[PDB]
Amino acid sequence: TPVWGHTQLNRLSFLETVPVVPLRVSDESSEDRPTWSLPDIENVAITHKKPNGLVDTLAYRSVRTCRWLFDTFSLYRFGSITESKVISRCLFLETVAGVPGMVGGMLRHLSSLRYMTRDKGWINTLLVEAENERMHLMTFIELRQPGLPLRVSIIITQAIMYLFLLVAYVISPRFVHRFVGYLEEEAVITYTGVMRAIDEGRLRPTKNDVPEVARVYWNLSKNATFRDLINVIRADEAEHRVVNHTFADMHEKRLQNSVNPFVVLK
């Protein structure tokens, strides 16, 4: 349908149309949207993949280290589950789930460029993850808008984590792929906790006006609840879990330069 041709291709700029373009939410992201069936992802579950050698273990310990610090300094531990402390948590952490896929895709892109080789579907998987995790941030920022101290520490988190993920991927892309493997193993846990808590009425949700950003992106009918929004986010994490564990494995076997297995499901 699109009216994008050579009369538009010879224009100097479209700076002038800018004031008259709607801000329809579906533009926030590409159309590689995930399609989940609520009754099917409902039975998503908690898995754990056994570390194989030193690097796998190094990876696994730092995630157990990070979970333990974060869970204790952020007081998630004692007190009853709350809406406030769930979304505040998911808000902060989602800012750092967006970085990995962008360092991998970006570096694998540069490699594809300098040795002039075919990537075989890897780049477009990691960048849709990154995107899909950024949409996880976008949704929670419709739910809780943070204040100055939480914002400043988000900025320093990215400084540090961008530097770590970047230099960790260059030296061991299996490490970073293992690391998100396990990262997501924890993200699956936390979320099924939130659903279990709703189901056992310990956290009866007040944010049921599910944001338009999330309705379009996950194609949810108006009558969707917070629990239905959470499950889909949790379903996305189970995928990344397998994707980064498959990716790490593939490296272990020296299949870096082989077809991205998840191309078939499309």
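C-alpha atoms forming the largest set that superposes within 1.5 Å between two forms make up the rigid core. So that there is no doubt, residue numbering starts at 1 and follows the sequence shown.
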Item to check | RMS CA shift, core-fitted in 7 other deposited structures of this protein, bigger for 179-187 or for 73-81 | outcome: 73-81
Next on the checklist: Test of understanding: from the entry's C-alpha B-factors, which stretch has the higher mean, 249-257 or 16-24?
Outcome noted: 16-24
Checklist entry - Looking at the deposited entry, does 215-223 or 233-241 carry the larger mean Cα B-factor? => result 215-223
Checklist entry - Considering only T139, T72, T125, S153, which residue's Cα atom bears the greatest B-factor as recorded? => result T72
Next on the checklist: In terms of recorded Cα temperature factor, pick the maximum from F78, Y191, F179, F92.
Outcome noted: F78
Next on the checklist: By the recorded C-alpha temperature factor, relative to the other modelled residues in its chain, which third is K207 in?
Outcome noted: highest
Checklist entry - Once the chain's modelled residues are ordered by C-alpha B factor and cut into thirds, is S62 in the lowest, middle or highest one? => result highest
Next on the checklist: Taking only the Cα B-factors deposited for this chain, tell me whether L163 sits in the lowest, middle or highest third.
Outcome noted: middle
Item to check | Chain thirds of CA B-factor: placement of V99 | outcome: lowest
Next on the checklist: Please say which third, lowest, middle or highest, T47 falls into when its CA temperature factor is compared across its chain.
Outcome noted: lowest
